[PDB]
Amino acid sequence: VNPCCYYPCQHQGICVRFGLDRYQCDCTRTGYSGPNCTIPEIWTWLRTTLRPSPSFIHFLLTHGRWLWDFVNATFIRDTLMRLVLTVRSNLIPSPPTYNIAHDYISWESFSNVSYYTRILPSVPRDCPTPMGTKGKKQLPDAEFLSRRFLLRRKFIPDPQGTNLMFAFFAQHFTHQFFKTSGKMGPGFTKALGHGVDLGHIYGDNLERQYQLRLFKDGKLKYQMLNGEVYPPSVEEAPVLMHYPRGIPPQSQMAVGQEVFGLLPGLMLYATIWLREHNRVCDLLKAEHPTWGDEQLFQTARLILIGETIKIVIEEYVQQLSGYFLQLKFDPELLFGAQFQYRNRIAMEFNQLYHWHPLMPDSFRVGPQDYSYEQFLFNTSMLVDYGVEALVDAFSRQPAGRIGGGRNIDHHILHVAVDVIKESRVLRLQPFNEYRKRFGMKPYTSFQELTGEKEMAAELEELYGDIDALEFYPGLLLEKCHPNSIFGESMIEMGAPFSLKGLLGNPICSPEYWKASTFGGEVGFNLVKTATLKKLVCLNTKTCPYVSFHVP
């Protein structure tokens, strides 16, 4: 039996097959030695004995508001934001390592940007069980597992107050770097760029971007409807959009991401950002009359990328974490650190980010209450209400809690089933192996995992062993922190991917983070002072209630 199936190497040691039956762990720079990289160096031992529980730190960050107020107003804020940025980042390998084709480092894996990368290699195709060594010869039926533990019975709003304005932002934002290729198969992506390159706005390819661009003042094409600015029609922007058969070109909206027409919430942001881009082009042209269309367009793109990162860290993530510590976006915090300004999206981060529980039972807009059937392929709800209105509505409707289980609307539950099935195609390692890879102790039992005893008993029966529990179900069924939107694992595993993804962008490098990169002090401040409110209200007639938090 393949020795590596036992996942013998600890602390990121790499398992290597030798001869016909031997194995050997490369423990280079892991802080440990020994056949399995478990004998700690004095310093490694000091660090792990002094480190407080991921649950205890959470406590410190969610208590003593008075304390954090003085802290947030002093340089201590910075010191902490950096501490967070680096410790969280060092958990993500850079350059990237493995992919669906290679469970080992290779030039193909490093250069071939069409692949999704992965943090932990796969379960060797020749292991006793699908998960390696533990569990039954067969995993629970994905559909059954979903229906029994992920299907929503009664809507459970997010205790942290997260609304749908946040939910859709999350969907919009992530579908710029999560674009699995149906033609190539799981493990493959079209979102080359692997990060916040705003490809869901400008397109994952040049010819497409060229088709979306107006080529005047560096602006994006658009149309007027009811006196408001909206994306252009596919007739005007000859770009492929995924719409139900029968909808003519003149009735489709072109935006950058082919799937965005399938949701008013999505096209909402599509519209907001489009307006923002063209607005920045104006401010720019004013400052640089000698500039052509290209430099205006390119410069505006950089500024928007900046706004995006700015808002994701200081508002998006702030809402998610619920920390009293005010997160800060300032690339300079890493200028004294050893940091690689690059990033590659991981399949695990893709799985982890399936936050479908956020979606409501139905979408309420004013006195109206739309169902999924009326909301999904709606070709006019956006224009009927206009930007402001939909923003006020989504900002007021609570989103569902992500963790704790049984909170995915049946209308979209199929996604979860597919997420599970794919997981097995990708052969993602067990949840406990990932708990460890991200600095956490593995769960010793399902009751430990689920703060309760009922689902724990059933899960125990289905899987047989806690060590057989799969990645996604684990994230979604883990017991949640007090009044949190999810559990610690979603935080301890998600944080490193996110922050690496935000700071691992070239505009955050010393070489790029210059005023001149954004066309001057003017463009640099738009990035530095970006706000969800400003993003909406500076592109709308009236300013509605806009926030990632419900009033």
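We call the rigid core the largest set of C-alpha positions that still match within 1.5 Å between the two forms. All residue numbers refer to positions in the sequence shown, first residue = 1.
Point to revise | Core-fitted comparison in 4 other deposited structures of this protein, 470-478 vs 251-259, farther C-alphas | key: Larger mean C-alpha displacement, comparing 470-478 and 251-259 in 4 other deposited structures of this protein, is found in 251-259.
**Study point:** Outlying stretch relative to shown form, 239-247 versus 322-330 in 4 other deposited structures of this protein, C-alpha RMS (core)
**Key:** Larger mean C-alpha displacement, comparing 239-247 and 322-330 in 4 other deposited structures of this protein, is found in 239-247.
Check your understanding: Out of 222-230 and 203-211, which one has CA B-factors that are higher on average in the deposited record?
Key -> If you average the C-alpha B-factors of 222-230 and of 203-211, the larger mean comes out for 222-230.
Review point. Out of 311-319 and 182-190, which one has CA B-factors that are higher on average in the deposited record?
Key: Higher mean C-alpha B-factor in the PDB entry: 182-190.
Point to revise | Criterion, highest CA B-factor; candidates, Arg342, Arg153, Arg118, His102 | key: Highest CA B-factor of the listed options: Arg153.
Point to revise | Selection from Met455, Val113, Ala416, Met440 [criterion: highest C-alpha temperature factor in the record] | key: Among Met455, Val113, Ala416, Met440, the PDB entry lists the largest C-alpha B-factor for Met455.
Practice item. Tell me, lowest, middle or highest third: where does the Cα B factor of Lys528 rank within its chain? Key: Lowest third - that is where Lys528 ends up once the chain's C-alpha B-factors are sorted.
Practice item. Pull the Cα B-factor of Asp126 out of the PDB entry and bin it into the chain's lowest, middle or highest third. Key: Highest third, going by the recorded CA B-factors of the chain.
Review point. Lowest, middle or highest third of the chain for the C-alpha temperature factor of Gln12?
Key: It falls in the bottom third of the chain.
Check your understanding: Which third, lowest, middle or highest, does the CA B-factor of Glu521 fall in along this chain?
Key -> Middle third by C-alpha B-factor.
Exercise for review: Consider only the C-alpha atoms of the modelled residues in this chain, order them by B-factor as the entry records it, and name the third containing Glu332: lowest, middle or highest.
Suggested key: As the PDB entry reports it, the C-alpha B-factor of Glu332 lands in the middle third of its chain.
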